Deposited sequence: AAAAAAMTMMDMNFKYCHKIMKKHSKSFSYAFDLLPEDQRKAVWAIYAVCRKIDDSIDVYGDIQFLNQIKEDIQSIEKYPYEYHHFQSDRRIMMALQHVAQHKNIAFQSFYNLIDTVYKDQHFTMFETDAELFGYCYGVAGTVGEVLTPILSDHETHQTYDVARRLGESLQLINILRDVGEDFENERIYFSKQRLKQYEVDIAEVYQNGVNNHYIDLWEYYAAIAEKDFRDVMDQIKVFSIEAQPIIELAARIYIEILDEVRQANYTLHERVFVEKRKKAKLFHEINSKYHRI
């Protein structure tokens, strides 16, 4: 393989190491598209993990800015060369929504001074920042002609995926001093996450969790209803990614909403969903 192949293989490794679900689905795309997805996804992961000082994050941002301003010049990247070389390669063939990467970077910087969200509006604003943006950047790769609708559908799906992630990770996030449910909603439902972490679930908690799960599910249905905005080859792949991730909600229920382990959809179940979907197509 070539040097560029090596850069993309590394991006693949990062994506698969982070999400078995998204790698399972997206690796089914045609070669050129899945490679572009590995590259964009790896860039988002590097941004999301950068703090663990803002030093490296600042480098990533300057690297992306160099690509945006001079896509066909050679750059001595400051952050992760393999990933930026791959992103630049993609940038030379596809329209990348650079502002969406900057919105993501801005959100991650803010996360440094994290304080609970006062309202669901702030929570959903956070979902846009860390995941709606990912949906936006992948949009040109997964569609033939991008319209505001294409971005809207991709943005909403990313945000729904983030909300499902939050619903899966209540426990581990709490251990890491983060609570994503809003203070407004916690007060309304009379839920104290630390109390639930210590004592186990109860009906108030389950009702609150289900309140958010219903939002994720409805947004998922709306996205499925508009799947035709994506290219014919990406449609079943996106449906699979979404279904695989959404199944996480049932896995949490089956584990009695436990705050003490990370539930998951086993590979065999992922293959079952692919079968059902791929049968529709």
- Note on the structure: Residues of the deposited chain that carry no C-alpha coordinates are 1-6, 59-61, 291-293
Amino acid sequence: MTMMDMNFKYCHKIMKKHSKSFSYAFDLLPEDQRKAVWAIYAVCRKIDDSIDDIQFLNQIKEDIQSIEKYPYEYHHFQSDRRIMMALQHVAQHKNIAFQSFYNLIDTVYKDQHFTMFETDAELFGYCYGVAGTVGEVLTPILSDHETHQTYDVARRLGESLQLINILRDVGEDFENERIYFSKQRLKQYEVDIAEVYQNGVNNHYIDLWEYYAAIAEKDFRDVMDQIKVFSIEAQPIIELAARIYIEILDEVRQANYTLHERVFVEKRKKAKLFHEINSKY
From here on, numbers count along this sequence of modelled residues.
- Between 35-43 and 62-70, which has the higher average C-alpha B-factor in the PDB entry? 62-70
- With reference to the PDB entry, specify whether the mean Cα temperature factor is higher for 105-113 or for 178-186. 105-113
- Residue selected from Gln88, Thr133, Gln162, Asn95 by maximal Cα B factor: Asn95
- Message: For the chain shown, is the CA B-factor of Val196 in the lowest, middle or highest third of its modelled residues?
- Response: middle
- Task: Going by the recorded CA B-factors, say which third of the chain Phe22 sits in, lowest, middle or highest.
- Result: lowest
- Task: Consider only the C-alpha atoms of the modelled residues in this chain, order them by B-factor as the entry records it, and name the third containing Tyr211: lowest, middle or highest.
- Result: middle
- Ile54 - Cα temperature factor, lowest/middle/highest third of chain: highest
- Relative C-alpha B-factor of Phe124, binned into the chain's lowest, middle or highest third: lowest
